[PDB]
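Trainee: This one's experimental. Sequence and coordinates below.
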Amino acid sequence: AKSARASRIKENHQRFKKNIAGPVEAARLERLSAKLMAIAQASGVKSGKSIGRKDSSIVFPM
Amino acid sequence: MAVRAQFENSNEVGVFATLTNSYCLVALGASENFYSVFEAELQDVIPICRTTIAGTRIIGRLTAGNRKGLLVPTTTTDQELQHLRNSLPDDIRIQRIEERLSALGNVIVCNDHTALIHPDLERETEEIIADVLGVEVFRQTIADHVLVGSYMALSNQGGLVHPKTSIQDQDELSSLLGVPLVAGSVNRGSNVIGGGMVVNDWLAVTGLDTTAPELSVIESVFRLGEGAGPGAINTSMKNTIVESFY
Amino acid sequence: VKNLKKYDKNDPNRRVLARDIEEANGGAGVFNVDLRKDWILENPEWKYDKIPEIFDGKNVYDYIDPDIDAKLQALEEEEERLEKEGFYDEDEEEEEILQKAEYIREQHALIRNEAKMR
Amino acid sequence: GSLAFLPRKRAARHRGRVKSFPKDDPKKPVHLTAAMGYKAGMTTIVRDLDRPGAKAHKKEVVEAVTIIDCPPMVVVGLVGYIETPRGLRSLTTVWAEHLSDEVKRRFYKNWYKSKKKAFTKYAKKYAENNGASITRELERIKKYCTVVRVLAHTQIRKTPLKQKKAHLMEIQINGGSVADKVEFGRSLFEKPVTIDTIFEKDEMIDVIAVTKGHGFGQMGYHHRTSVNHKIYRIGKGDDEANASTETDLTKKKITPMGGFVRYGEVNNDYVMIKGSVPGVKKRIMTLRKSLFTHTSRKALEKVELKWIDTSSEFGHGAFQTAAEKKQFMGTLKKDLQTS
Amino acid sequence: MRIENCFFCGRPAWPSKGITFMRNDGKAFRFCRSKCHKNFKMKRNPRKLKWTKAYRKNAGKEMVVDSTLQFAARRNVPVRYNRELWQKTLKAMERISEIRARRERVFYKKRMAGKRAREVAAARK
Amino acid sequence: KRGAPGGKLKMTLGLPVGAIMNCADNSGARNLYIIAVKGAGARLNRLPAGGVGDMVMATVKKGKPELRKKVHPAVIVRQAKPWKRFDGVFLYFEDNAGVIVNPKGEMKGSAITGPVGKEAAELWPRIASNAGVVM
Amino acid sequence: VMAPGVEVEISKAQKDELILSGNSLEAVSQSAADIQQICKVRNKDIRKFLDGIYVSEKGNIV
RNA sequence: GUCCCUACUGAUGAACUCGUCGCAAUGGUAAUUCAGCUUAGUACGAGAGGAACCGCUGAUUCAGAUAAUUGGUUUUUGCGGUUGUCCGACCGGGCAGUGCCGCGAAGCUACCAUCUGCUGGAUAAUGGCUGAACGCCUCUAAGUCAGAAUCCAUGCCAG
Ligand SMILES: [Zn+2]
């Protein structure tokens, strides 16, 4: 019998993944994402927009 | 009209199918080749139902009935009964019976006029069959084989019996049934006529291993494929039979 | 049967046929067959309806019975006759005598406990 | 045995870790990957099978399923990771206001004698106009990170357990830009997320657990990641008819008669999953999505239930409801003496 | 699907519960528990064992002659589908259920109506 | 062609190699003796066994003397060891019983004494024809 | 799938023939060899089964 | 006719303030074979006979879990029955290194039960494309395509 790691078996699995399971999982993902999205929406230095520093080594200490 | 078919790759048609003058039951499995052959030969003239009996594909050997009724064994479940009732018109009475011998298709052979039953059925079952089918029920063994349902195929135009039935047994059976009987074989020497064939007044479906001489015999006995097919064909062109089945 | 037409696979306008529909709608282990398509019913929309089967430990198919409304009305009529008949009508010294008997039993149990004690 | 699982060793942690999240691309919509739950037990179902080509096609098949109680998870954090030549590095993390007592107990070891001083300075940071600092961390996650995860914890107080310490883990957000997923997490702060939203009915998923110890060298307490298990149902808990199907009209819950043995009653959202699952009852379970798109028809099947067993698990039981038992039985000496 | 009744004890045998025994003459026995199975195999009479509904029916511990019980029987003649017909049927199921419970209460009460007189006489003694 | 049935599901095997069996057909043998199982897999010291509907090779030990001490293929129709069917029903028969069958799948006899297993009836169409009771 | 820059047509000048043209000789030839290799018979008699897609003519568009 | 040292492998462990959440160097690595349906009584064939690719469903072995169900095990000495002897008899019990027997939960178990076992790249033989050597030619020299259960990794176990 052909192994689980056979190239032809992998090509068949890729075709199946692209043709049926892909669309089905995309549809379910859209539904769940919509639900979770609905559940979710159920000066620089003193504002935070300017990202600054908070509060062994890679280089040899001089 | 005689045709050849197989369920999946098996020549036994009567095991997986039951054909009468008013309905057809087909075992449900995998593809739709068997159902397609049956419908192409019966283009919606009578209902055809994809059914399972007791969760099996042997519906042909587990169901017995004629144009006026259908009987199922006590093991068949209520959903299967509902399926049968919803697929079959009201002009057909369906009933489930508590027979000890569950293989109704193996113990009962019934046309629209007569039924031949295993001699060991119960009294209640005998007259309940007489009630539901509205036929005359006789107890008899053919060729010393007690399973008439598997060893004989019967119609309103004829009847094919075990190849090794004696002439006395054959003419006695002809006298009781009222239709001609001929001892012949189905599916290249197989003796299970009922298990290898379903036949009605205008259709026969046998296996793919059924040879041409015995197919011609079948057509002549059941008067199929228009033509003549009285059985007089069998008597007249005896050379083919004596050469092939010598 | 006599007004029928032979099926021929080379014919252009044949019948649709189950092999052709399953090959168009999938394959052999892919096509799903609808077993209710041939269901002949009173109302055509009643197909694809889910059959009740069990209702609190008892079987709907065992209790299903054509012409059951008359039997039901007869059942409530019998119930009515029954309560009006009275089939359902529910019907200190004894209490203190029972209390004294219980106290005597308790004392006997204490005496037996002491007897097993010594 | 298999040299893949050998040297055999106890699991370093009781919770069990994912070790691999599904590969992420921006095209898909924004979603969470994993979830948590507590194993309650197993029950028996039947299924109107619609598997073409099988011997049991259009027939009724009895299968064993497992129940995982899944109370809603609370989101309390957002972690940003970056890619480096040494691998993934947790660049930053941002916590929310009002951490629950259960997650604080998770942080503490001796919670009873401690002065519970955890995350107080973080709360002061949020509330005292250091929202500049909070937004600075958020924008750092916005512009430097590649993969983003959400810190989530369960509700032990809702799970009928003697424990009081919650389980915290990171659930990765997939399907979107880093900006979109960071905004999504910040919106999810201080909100409950539901198992019917993370997963749905008819979806083969992965269950991560620690096997049952078989001691009184190591047999059991072994970390396992079991793949491809079809979720058969998601029950609402408050539906009052979780165990009901469209074929039987019995108003009953998933909890068996007398309660689950050694676990209790399931009064929350639950998941009914086909087959066996690693781990004992009441053990923490990790539920994640398959890393790859499926290759089987079994994955695209639609599960039509017929009935769910609610008989007693504590012995040979035979009644689905106490009402069924009392209808089969009638009245007793105790009932008439009380009445 | 159907709910079977145990041959030995008569308790509701739900699917995936107990063992079925097939003998050669053609009858099947569905047992709901290992207790019932082992007792049948060791050949005790269910009519004699006091924990069986068969024994109760023999000894008159159960209501056995009543129309609300005659309402239920094994069906062998299928009936064509009707939505309103199962709807009114389900409403029936509920009606018959409560009626059976209430009749059984009355049957139990008219069985042991007289207990207080015996107890008070024994207490007087 | 090896008599290994196709489409057979998993069920418990309770009749190992060298097993005494009742004979259910009218062929002239009363008992059979399983010596080998078709389709078996040779493991370390593992005894092959067969369930209802599995072809084996059996030798007759008692019966009609003309057929006695002869070896024939057989397929087993009744098994006392309990096993479960996919409807969740665990079931068992009273004894162990089979019927003599040629390698193609045809019976030598003409009738079967007692019930026939559903699995055997489904796998072998001839047994379904020669069967009177199917459970 | 063809290499980019390759045009494939079923020309109505002869039946059962295809024309694969382009700018790059390497791409055109590799594409033709790709179809020829993908239509290869397996486990049959080479002398008996004569089915496939074969390069018949080689040349320039102009 | 002359209990120790070290290796394997779990399980602990001091030093870095304790704790929570993680990364992943490196090490290990896993799936295997057969059958059935469709293709199809089709291609092919005088006949006899008779495939394969795609798709679908199972089974063997191996591996990892699990106890809904169904069997099995009883120091639960849980309930019931029973032998010898003893407490003046009954009840209730002791002794026979657990007297014997029937059922027996919970636990534990069992291919005697049930569930699960996953995808990318580079290649060997070999088949090619363009094209010199060598004005023909050539799969090779420069360049390059494909292809084995092979190899390297992901999935998996350890950290
Ligand atoms: Zn029972």
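Mentor: Happy to help now that I have it. Numbers count the residues shown, from 1 in each chain, chains lettered A, B, ... in the order given.
Trainee: C-alpha only now, for contacts and for neighbours.
Mentor: OK.
Trainee: what's the spacing between residue B:21 and the ion?
Mentor: Between residue B:21 and the ion the distance is 46 Å, computed by C-alpha to the ion, to the nearest Å.
Trainee: Compute the number of surrounding residues for that residue.
Mentor: Residue B:21 is flanked by 18 other residues according to other C-alpha atoms under 10 Å in any protein chain shown.
Trainee: With the one 4 residues further on instead?
Mentor: Look at residue B:25: counted by other C-alpha under 10 Å, it has 22 neighbours.
Trainee: what's the next secondary structure element after the host helix or strand of it?
Mentor: Using DSSP states H and E, residue B:25 sits within strand B:24-27. Per DSSP H and E, the first helix or strand lying C-terminal to strand B:24-27 is helix B:33-41.
Trainee: Is there proximity between the next helix-or-strand element following that following helix and chain C?
Mentor: Of the helices and strands lying after helix B:33-41 in sequence (DSSP H and E), the nearest is strand B:48-51. Yes: for strand B:48-51, a contact with chain C is found by C-alpha under 8 Å from any C-alpha of the partner chain, at B:49, B:50.
Trainee: helices and strands around strand B:48-51, which ones?
Mentor: Contact here means 3 or more C-alpha pairs under 8 Å, 6 or more residues apart in numbering or on different chains; DSSP states H and E; on that basis strand B:48-51 packs against strand B:24-27, helix B:78-87.
Trainee: In the last one, which residues are buried?
Mentor: Applying a neighbour-count criterion of 16 or more other C-alpha atoms under 10 Å in any protein chain shown, the buried positions in helix B:78-87 are B:78, B:80, B:81, B:82, B:83, B:84, B:85, B:86, B:87.
Trainee: The residue in the stretch 1-150 of chain D that chain B sits nearest to and chain E: what is the separation?
Mentor: Per C-alpha to the nearest C-alpha, residue D:53 is where the stretch 1-150 of chain D lies closest to chain B, at 4.7 Å. When distances are taken as C-alpha to the nearest C-alpha, to the nearest Å, residue D:53 and chain E turn out to be 23 Å apart.
Trainee: That residue is in contact with residue B:28, isn't it?
Mentor: No: taking C-alpha atoms under 8 Å as the definition, residue D:53 is not a contact partner of residue B:28, at 10.3 Å.
Trainee: The residue of the stretch 1-150 of chain D closest to chain B in helix, strand or coil?
Mentor: When the structure is reduced to helix, strand and coil (DSSP: H, G, I helix; E, B strand; the rest coil), residue D:53 reads as coil.
Trainee: quick one: contacts for it?
Mentor: B:29, B:30, B:31, C:28, C:29, C:30 (C-alpha atoms under 8 Å, 6 or more residues apart in numbering or on different chains).
Trainee: ok, so what distance separates it from residue F:33?
Mentor: Counting by C-alpha to C-alpha, to the nearest Å, the separation of residue D:53 from residue F:33 is 36 Å.
Trainee: can you check residue G:41 too?
Mentor: In terms of C-alpha to C-alpha, residue G:41 sits 50 Å off from residue F:33.
Trainee: do the same with residue D:230
Mentor: Here residue D:230 is placed at a distance of 44 Å from residue F:33 (C-alpha to C-alpha).
Trainee: the more surrounded of these two?
Mentor: Each of residue D:230 and residue F:33 has its neighbours counted (other C-alpha under 10 Å); residue D:230 has more, 22 against 19.
Trainee: Please point out which parts of the helix or strand containing the more buried one sit buried.
Mentor: The secondary structure element spanning residue D:230 is strand D:223-235 (assigned by DSSP H and E). Of the residues in strand D:223-235, D:223, D:224, D:225, D:227, D:228, D:229, D:230, D:231, D:232, D:233, D:234, D:235 count as buried by neighbour count, 16+ other C-alpha under 10 Å.
Trainee: Just checking: what are the partner strands of the helix or strand following it?
Mentor: Using DSSP H and E, the helix or strand that follows strand D:223-235 in sequence is strand D:270-274. Sheet pairing of strand D:270-274 (DSSP bridges) gives strand D:60-69 (antiparallel), strand D:223-235 (antiparallel).
Trainee: Would you list the strands that whichever helix or strand comes after strand D:270-274 pairs with, along with their directions?
Mentor: Using DSSP H and E, the helix or strand that follows strand D:270-274 towards the C-terminus is strand D:284-289. Each strand that pairs with strand D:284-289, with its direction, by DSSP bridges: strand D:35-48 (antiparallel), strand D:203-210 (antiparallel).
Trainee: following strand D:284-289, which helix or strand shows up next?
Mentor: Stepping forward along the backbone from strand D:284-289, the first helix or strand reached (DSSP H and E) is helix D:297-300.
Trainee: ok, that next one near RNA strand H or not?
Mentor: Yes: when contact is scored as C-alpha under 7 Å from any atom of the strand, part of helix D:297-300 falls within range of RNA strand H: D:297, D:298.
Trainee: Give me the residues contacting that helix.
Mentor: Applying C-alpha under 8 Å, 6+ apart, the set of residues contacting helix D:297-300 is A:21, A:24, D:51, D:202, D:203, D:204, D:230.
Trainee: which one of those residues is nearest residue B:175?
Mentor: Top of the list for closeness to residue B:175, among these and by C-alpha to C-alpha, is residue D:51 at 50.7 Å.
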